[PDB]
Each structure stands twice: as C-alpha cells, then as structure tokens.
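Residue numbers (PDB author numbering), protein chains in the order written: chain A, 345 to 571; chain F, 454 to 576; chain C, 2 to 490, 502 to 546; chain D, 4 to 70, 99 to 119, 122 to 137.
Note that beta-carbon positions come from the ideal geometry of N, C-alpha and C, so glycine has one too.
Below is one structure, written out as structure tokens; the observations come after it.
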Ligand SMILES: *[C@@H]1O[C@H](CO)[C@@H](O[C@@H]2O[C@H](CO)[C@@H](O)[C@H](O)[C@H]2NC(C)=O)[C@H](O)[C@H]1NC(C)=O
C-alpha cells in the first residue's frame, strides 16, 4: 500500500486545458470496496473519479484517483487532498498536494549536441543530446520531432529536473535519442521541442542534421554582384 | 529621369559646375520640369529648359533636357540639387530624383565580408 | 549605439557602486540578455555577470545585475572594490560578440588618509568653504596665515595684515572669534579647479608656529544621464540654491575646448538653432526651476550645464550643475511633419501625435513667445476651453483617435506666423512643435464675407470648392466648444456646397464652417459670421 | 559621418559611404563605399522551416536591395512554424526564436 499523488504537468494542462489531477496507490491489496476521496483544503469534497484501476497481473496492485479543478485555483495554490479509506488500514492516510509559491520564471536554453564522431565509428547507432538549462520552475516537458512526424517516446529518454551546481535555483534536464548512423548519415535532420511556463509562446525548439552539427567542412560559395 | 553629375575635367577649370537632369522615352509631351534645392525651387533662369524633341529610335516617344550651373566651390557642400520632374503620367504626377558628390561612383571600395556561426541574427 | 550609460565612474576600495545602463524599451530589449563584460589586451570580453543568472567565479557575492524593463534599464551593483578592478568594461545586451553595447571605464583607488594632522575637505565648485584652525594660548597677537605648498614652495593666500594672493584676492577673510575661543577660520569664495591642493595653517612667526597641514578638494558635479528619443522632448531640473536667487541663471552645453556655448539666458539670450523649441519656467522659493526642450536632434546629445552668474555665462569659479544627454535614434516617436504652410485668409490642418496609451488625457495647445525670458501660454484644450481672442476660427478634434488627433485652424493671416506646441496631461510628455509659414495667394475655399440678416426667415449662404477638393465629402458645421457636426439631407457638381436654414432664431447666431473630409482625415475649411437684425 | 546607403537587416548587408575629405588640397577627393556582410553559414534556405538543407550560395544583387527570400533571422520581428505535438495528435504553434516572440 503505497500511494503516488500525481499532479498534472503544466504541459499537460497547456496542451489540454483540462487540469485533471490524479493520485495512484501502488502495490496495495485490490479488494473491492476500495475507497479514496478527493477533497480541497477546506475539507469539502470535489467531483468524483471514474475508470478506477483493478488488480494488477504481478500483485503490484493499484487504484487511480481521478479529479478536476479550475486552473486558476491551482494557480492560487491551495492544498488538495485525496485520502485513502480502505479496510486494509481503515486509518485514513493523508495525501496533501499543492503548488509551491515564490518560484520565479526562467527560460530553457535548449542547445542540441550532435553525436560524437567516435560513436559514428562503431558503425551502427547514433545518439543526440537535447539539452535544457538554467530554467525555473521545475517540470519542463520535451519531445522529439522530425520530418513532420512525431517520434513515439520509446525512442527517446528524458531526464527530470535536478538543480544546477552553479545556479542556486535553476534546474536542467536532458533527452537522449538513439538512431542508426546511416539514418543520421542520410541527412535527415531532427528537431527537439520544449514546452515550459517561462517561454513566450510556451514552445521553442531547435534542430540539427549531419551538416549543422560539428561539420568538418565549411563550403561557402557566396556571390556579390554589382558593387 | 536621371541626373548626371559634372565631368571630372569640368572640375579642373574650377568655376563652372554643370549639372544635368534629364527625361527619357515618354509620351506625351507638355511635361514640366524644374529643380529643387532643399525644398526650395531654384532660380528659373539659373537652369535652362529644353523642349520635348522626339526620340530617335522609339516609335513616337518624347524626351527633353535641362541644364544648370553653380559654383564648383559649391560642389563641396553638394546638397544633391534635387531636380523635380513633373509629368502627367506618374502615379502622383512627380518622379523626383537627385544626385550629389557622395552619390555617383567611388574609386575606393573596401568590401569587408565577415564569417561566423554566431549569426543568423542581423543585430 | 542605442545603448546608453555613464562613461567613467570612480570610487575607492571597500565601497559599493551602482551603475545604470539604458536601452530602448522595445519587446526584445525588455526580454533578453544584459551583460557586464571586461576586455583587455587579449581580444575579447570575458563575461563577469549576466542577466540569466550566471555570475563569474571571481564575482560571487561581490555583485549582481537587475533589469527594470519598465524603466527601460538594467542596473549593475558592485561592492567591495579593489585596485585590481580598474580597467575598461562594457555594458551591453544580446550576444557579446556584436556591439549592441556601451563601453564603460572604471578606476578604483585606495582609501587614503592615515594622517591625523589633515582631514578630508570635499566641497562643490564655486561654493563657499571655511577651514577652522586652532592656536595655543600664547598665540594672542601672532601671525595668522595660510600657506599653499605648490610643488617646491609654500606661498601665501591670506595674512594677518591685509595682503592676499592676487590669484585669490577678494574671495577670502580671516576670522579670530572672541569669547576666549582659541581657534581661527579662513573663508574662501569662488571655488575653482585651480584651487585644489594642500594648504598649511600657521599660528605666529615664533618657534611655536602651530601649523596644521591641510588638503583642499573641489567636487565637480557627477554628470546625470538623460535618455530621450529623436524628435522628442526633454525636461531638465536645475537645482541651485537660494544663495544665487538675485543672480541670473544660464544653461550651456559642453564642447571640445572646455567652452560652453550658451543656449538660453536669464538675460533673454538664446541660441539661434534652438529658437522656438525652448522654454524656461520662473524660479521657485529655493530658486529651483526647470528647462523644457522639445524636438531634440542628433547633435543635441551631450553634456549640459546650468548655472548662475552675473553675466549668465561660463566663468571660473561659479556654481554649476551637470547633465549628460543621449538621443536614441532607435526611436518610436512617429515622424510628423514639422513645417506647415498656409496662406493669408486660408486654413491650416495639423496632425498631432501622442503615446497611444493615454488617449483619455486633456490635450492642450500653447503659443511660443520670444523677446522675453521665453514664454508659452495656453490657447486651447480638449474639454473645450479656448482663448478669449479666438472665438470662432479655431477648433481641435479627436477624429483619428489612435494616438493621433487633428486640429483645424482657418482664416489664416500673416501676423499669426510662429511656432506651436502640443501638450498632454499624461506622465510621459511629448511636446511636438510645428511651425506655420504664410505665403502668397488666396485660400482655395470661397465664401461670402461677414453678413447681417433679419430674424425669422430662410437664408442660404454658399461655399464653392476647387477641383482638387472634388474627391471628398463636403460639409457645413456650426462652430462652438463642441466643434463640428454636419447637417445631412446643398450640392452641385464639383463646386457649391450651400448651407440652407429653413427657419432661423437668434439662437443660431455665430460662426459656421464649410469643409471637406479625407475619408477619416480633415482638410480645408472656411468661416463666416452671421448677425441677426429686424 | 558615413551615409548608410542601405542597411538590410535580413541580409546583414550594410553599404555605407563617406567622402574622405582629403588633406586640404583642391577637390582631388575620392568618395568611398564601405561594405559589410555577415553571412551565417548556419541557417536554412527556407529561413522559416528548419527541415531544409543549410545553405551554400549567398547571392547579393546589390541592385535589388539598393531599393522576398532573405536569410537572417531579423532580431526584432520573430518567426514560428506550427508543429505537431502528441499527447493522445495535436497540431500546435511554436516559437522558433525566443526573446522576440514575447507577447508583452
Ligand atoms: C517555406 O517557406 C514558406 C515561406 O517562406 C512557408 O510558407 C508559409 O509559411 C507560413 C508561416 O506561418 C505558413 O503559415 C504557411 O502555411 C506556409 N505556406 C505553405 C504553402 O507552406 C513554408 O511553410 C515553408 N516551408 C514549410 C515546409 O513550412
């Protein structure tokens, strides 16, 4: 019986305007009559929760507590409470979550490093490191995008925030992508996008192909007519 | 309309600074021209105006001229001596053009291309 | 070039310092990097503090950088200075490699002293200061004098017998106070840069000779940075004391060879290039006053001084006050026409811009007056007040309404020529200035002259217009503090829009105007007064 | 003192000019046309679609721009290319340069 309280990402909101907030309990016992109630800080309950979990195949039993709120309410930053009331421990545990206050806004500085030439000599796989830096608050979101088709996340892996050594407040993150070298040798640029609530239109992005990233070759051919 | 500057050898006698305004290949005639110097029309006698004699090779188009002199010592302040054409067949019926010393042709370039990744910006 | 800040700033070790640099208030400059970098003989700024958070390793705790997009500013605070910080620096924005930046020089010096026999004495230039110096009890009738040790030798500035340095003559007094007080004082007038040095007291000729070595520093004013755009306006606040109230005032501008050229005087003098666009308010209880300059040009940036002198000009040893001026040239002030031409009997129409955000203020209009210390009284406002001499022929109006409004003035005459200013009640304060010239001819509109009329009938008065006004809509209006309203259904082919009055009372007395519209702009109008008889 | 004949902030060209008023001899002066270009060698050819090749040629018909396919991101006016995001698909905006697309 361990409960994860899952606040939606700012990204999830801003791409849905649907600020569902959930809390999951993991590896408890799936009896029936499993009961969890969402309440505000006031104690007053809120809208219910449907499509709740069932018994897991590997005994890591679960139960999703769905909820909803108005976005400004979360912006207002008041504590939210889903409490587990099941006979396993009919003692009501307290899952209280909020939004921190006082965090300033700071922007991602998305560089994008290209695969090391060495890795291009093992002759199969290539790796690209989308990077974000020096930003506040936490919880950036990223995905990778190329040729106008999205890249299903099982290609890429992303870090989570963790403070800069130098910046007292600003976090950072990563992302990693693995691709066949011939695919990267094909040209075939790649674009990593980031969405984060200090970014003007909320979304910036950068790209790289073989030619942009660390080229050995500079071929300008510039013509200047009619001086 | 063009505005040719004086000749270099003109600018060695050291008195006569001729200036030429002009008009080319147009229909019809009756066009009026004058020269403007800093929003100030010149002396009408200071310049001398042509009449629209017809084109050599064009079917029926017209062209005329006008010439004006000043002190070549003045051809150091310059002030580009704007010649104001005035023809009916213009979107606003005036196609002003002007030319000064700084205009024309230099014989000392220095092109200065630079080159960098730190670009795509145009500060 | 569009960045602006202080050229050189001096301080001594252990102190704090705070530097401000300016940028145009556009979107990017309110939302992008600011930096403070240090160059050298090695080719490149090394960044020391950034607006993105990074602080140099050598500057941790020492300094920080803050941006006030609302002021169009970012501020750099440095504390705990040392002599290892003196060098050449630059404020700037964006990528360090380009030059959207401004160069700053910095000189740090150690905190001197250690001499209990001499204290610090920093005062202002042209001011009065006095030095108090003790003597022992045996100094009853013994030589009281000061001595300036200039290089090799000490010279004398004031004796106890009436002599005084001819460099300093007439600016000095010696006081030995009674009441058994065992000190004396030396008072100096007309403090000059040619006075800074090391003095020495003396008490008598004898071996006693209660000397006291002294310093004399003079505080030139630290310049103040002013940031105005092209074709804009500026207001200076000069802040002299009550001690020069009787004395005249002046305003000069620094030049190359330590030579102010004067721009306006309390003696009515005025620079011909700045004719018209300069104002001067009367002086306050403290003599405080302000100088308003409108329509600044590219060569108007620089250092400015305001002072007080008998001749109202520059001299050695007179009180001053400094300003440093910068013109943007990356400006947002819309380029409006400056000269407007009219004919006698004609009309004029003037477009007056202002900042779009304060459109609900009270516009004003003033006339510049020379042959004076310069004056500029109001002529009309937006509530509808109008000067008593111009009933009928003048109105203003908010037709464009997007930070621009139009003013219509007809019945022009050659006596009216001059310069006109536009004002607002907003905190930001543009004073756009337009000149009216009068030329030869007759106005395009034709209307009969001043006419009398009988009470209670139908009367029609005409207004023909030339072919160049043929592409518009035409109207008549009735002049008042409310201005125009047209009277729909009086027309012809391209001439003769004619007013008609079905029945008339004397309540219809006044001036009426005939005019044309430019779609959403105004054009020429003309006026005629109508009387009522019986 | 120079006279900017052209300043094209989306080609980073800047043709100035300056009469080198000579040593105070008679009018044997020569006018002088400085030029300057900062070519990027980083950008696309479709400046506003980062899915194209980079660039090789940089052609400057100065006649044309002594007066629209020009290839530097001008600092002040900013760009964007609507870009799909998936959380289900969604076809959504971007901001291809920061610090200038700030609606403020
Ligand atoms: C190639 O560039 C052209 C113009 O430079 C782009 O054309 C339009 O760009 C705007 C930008 O907001 C889009 O809204 C339009 O949909 C574009 N039109 C078309 C027909 O694409 C063009 O988008 C660029 N290439 C790509 C692949 O986007």
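C-alpha gap between residue 430(A) and residue 389(A), whole angstroms: Here residue 430(A) refers to the residue found at position 86 of the first chain. Here residue 389(A) refers to the residue found at position 45 of the first chain. Spanning the two alpha carbons is a distance of roughly 17 Å.
Chain D contact residues for residue 544(A), given Cβ-Cβ distances below 7 Å: Taking the first chain and counting its residues from 1, one reaches residue 544(A) at position 200. Within chain D, the residues near residue 544(A) are 128, 131, 134, 135 and 136.
Closer than 8 Å: residue 51(D) CB and nearest ligand 1 heavy atom: Taking the first residue of the fourth chain as position 1, residue 51(D) is located at position 48. Yes, since a heavy atom of ligand 1 falls inside the 8 Å radius drawn around the Cβ of residue 51(D).
Interface residues of chain C facing residue 514(A) [CB-CB closer than 8 Å]: On the first chain, position 170 is the one that residue 514(A) refers to. Residues of chain C whose Cβ lies closer than 8 Å to the Cβ of residue 514(A) are, in chain order, 54.
With 16 other Cβ atoms within 10 Å as the buried cut-off, status of residue 386(C): Counting from 1 along the third chain, the entry for residue 386(C) is found at position 385. So residue 386(C) ends up on the exposed side.
Assigned exposure category for residue 489(A) - 16 Cβ within 10 Å defines buried: Looking up residue 489(A) in the first chain gives position 145. Counting Cβ neighbours within 10 Å, residue 489(A) comes out buried, since at least 16 surround it.
Beta-carbon proximity of residue 68(C) to residue 52(C), cut-off 9 Å: Numbered from its first residue, the third chain carries residue 68(C) at position 67. Numbered from its first residue, the third chain carries residue 52(C) at position 51. Closer than 9 Å, so yes.
Cα-Cα separation between residue 217(C) and residue 196(C), rounded to whole angstroms: As a first step, residue 217(C) must be located in the third chain, where it is residue number 216. As a first step, residue 196(C) must be located in the third chain, where it is residue number 195. Rounded to the nearest angstrom, the two C-alpha atoms are 7 Å apart.
Nearest-angstrom beta carbon gap, residue 480(F) and residue 501(F) [assumed within contact, 8 Å]: Here residue 501(F) refers to the residue found at position 48 of the second chain. Here residue 480(F) refers to the residue found at position 27 of the second chain. Between residue 480(F) and residue 501(F) the Cβ distance is about 24 Å, and since that is not below 8 Å, they are no contact.
Which of helix, strand or coil DSSP assigns to residue 391(C): On the third chain, position 390 is the one that residue 391(C) refers to. Correct three-state label for residue 391(C): helix.
Residue 469(C) in three-state terms, based on DSSP: Within the third chain, the letter at position 468 stands for residue 469(C). Of the three classes helix, strand and coil, the one that applies to residue 469(C) here is helix, per DSSP.
Residue 99(D), buried or exposed, once every other Cβ within 10 Å from all chains shown has been counted against 16: Taking the fourth chain and counting its residues from 1, one reaches residue 99(D) at position 68. Result: exposed.
DSSP-derived helix/strand/coil call for residue 245(C): The count along the third chain starts at 1 and reaches residue 245(C) at position 244. Correct three-state label for residue 245(C): helix.
Residue 491(F) - DSSP class collapsed to helix/strand/coil: The residue labelled residue 491(F) in the question sits at position 38 within the second chain. Three-state DSSP puts residue 491(F) in coil, outside helix and strand.
Nearest residue (CA-CA) to residue 487(F), options 566(F), 470(F) and 534(F): For the purposes of this step, residue 487(F) is taken as residue 34 along the second chain, with counting starting at 1. With distances taken between Cα atoms, residue 487(F) lies closest to 534(F).
Interface flag, residue 101(C) vs chain F, CB-CB below 9 Å: The residue labelled residue 101(C) in the question sits at position 100 within the third chain. Interface with chain F (9 Å Cβ-Cβ cutoff): residue 101(C) is included.
Stretch-stretch touch, CB-based, cutoff 8 Å, three pairs: the region 312-322 of chain C with the region 412-426 of chain C: Segment contact: the region 312-322 of chain C against the region 412-426 of chain C, fewer than three CB-CB distances shorter than 8 Å; contact not assigned.
CA-to-CA distance, residue 514(A) to residue 55(C), given in whole angstroms: Numbered from its first residue, the third chain carries residue 55(C) at position 54. Numbered from its first residue, the first chain carries residue 514(A) at position 170. Those two C-alpha atoms are separated by around 10 Å.
Assigned exposure category for residue 203(C) - 16 Cβ within 10 Å defines buried: Here residue 203(C) corresponds to residue number 202 of the third chain, with the count starting at 1. Answer is buried; the Cβ neighbour count reaches 16.
N- and C-terminal bounds of the beta strand (DSSP E) containing residue 533(C): As a first step, residue 533(C) is located in the third chain; it is residue number 521 there, counting from the start. Per DSSP, residue 533(C) belongs to the beta strand (DSSP E) from 533-542.
Identified DSSP bridge partners for residue 9(C): Reading the third chain from its first residue, position 8 is the one you call residue 9(C). In the DSSP output, where bridge partners are listed per residue, residue 9(C) has 106(C).
Test item: CB-CB of residue 453(C) and residue 545(C) under 9 Å: Taking the third chain and counting its residues from 1, the one referred to as residue 453(C) is at position 452. Taking the third chain and counting its residues from 1, the one referred to as residue 545(C) is at position 533. Result yes, Cβ atoms of residue 453(C) and residue 545(C) sit closer than 9 Å.
Check whether residue 289(C) and residue 236(C) have beta carbons under 9 Å apart: Mapped onto the third chain, residue 289(C) falls at position 288. Mapped onto the third chain, residue 236(C) falls at position 235. Cβ distance not < 9 Å, so residue 289(C) and residue 236(C) don't count as in contact.
Near-chain F residues of the region 72-105 of chain C - C-beta to any C-beta below 7 Å: 95, 96, 98, 99 and 101
N- and C-terminal bounds of the beta strand (DSSP E) containing residue 133(C): Residue numbering aside, residue 133(C) sits at position 132 when the third chain is read from its first letter. Counting along the chain, the beta strand (DSSP E) containing residue 133(C) begins and ends at 130-135.
Residue nearest to residue 471(C) in terms of C-alpha spacing, selected from 477(C), 506(C) and 455(C): If you number the third chain from 1, residue 471(C) lands on position 470. Nearest C-alpha to residue 471(C): 506(C).
Beta-carbon contacts of residue 510(C) that lie in its chain and below 6 Å, excluding the five residues immediately before and after: Locating residue 510(C) in the third chain gives position 498, where the first residue counts as 1. Contacts found: 461, 463 and 502.
Proximity to residue 387(A) [Cα-Cα], best of 537(A), 511(A), 438(A) and 544(A): Here the question's residue 387(A) lines up with position 43 in the first chain. Checked all of 537(A), 511(A), 438(A) and 544(A); the closest Cα to residue 387(A) is 438(A).
Contacts of residue 20(D) in chain F (Cβ-Cβ under 8 Å): Reading the fourth chain from its first residue, position 17 is the one you call residue 20(D). Those within 8 Å of residue 20(D) in chain F are 555 and 559.
Whole-angstrom distance between residue 35(C) and residue 562(F), CA atom to CA atom: In the second chain, residue 562(F) corresponds to position 109, counting from 1. In the third chain, residue 35(C) corresponds to position 34, counting from 1. Between the alpha carbons of residue 562(F) and residue 35(C) lies a gap of roughly 36 Å.
Presumed contact (8 Å Cβ cut-off) between residue 492(C) and residue 5(C), rounded CB distance: No coordinates exist for residue 492(C) in the structure shown, because the numbering of chain C passes directly from 490 to 502.
Neighbour-count burial assignment, residue 404(A), 16 or more Cβ in a 10 Å radius: Counted from its first residue, the first chain places residue 404(A) at position 60. By the 10 Å Cβ count, residue 404(A) comes out exposed.
Runs of alpha helix (DSSP H) wholly within the region 444-506 of chain A (minimum 4 residues, chain order): Every candidate alpha helix (DSSP H) stretch fails here, since none sits fully inside the region 444-506 of chain A while reaching 4 residues.
Residue 558(F) versus residue 31(D): straight-line alpha-carbon distance, rounded: For the purposes of this step, residue 558(F) is identified with residue 105 of the second chain, where counting begins at 1. For the purposes of this step, residue 31(D) is identified with residue 28 of the fourth chain, where counting begins at 1. Roughly 14 Å separates the two Cα atoms.
Neighbour-count burial assignment, residue 131(D), 16 or more Cβ in a 10 Å radius: In the fourth chain, the residue the question calls residue 131(D) occupies position 98. Buried is the call here.
Outcome for residue 499(F) when other beta-carbon atoms lying within 10 angstroms are tallied against a minimum of 16: Stepping through the second chain from its first residue, residue 499(F) is reached at position 46. Residue 499(F) is exposed by the Cβ-count criterion.
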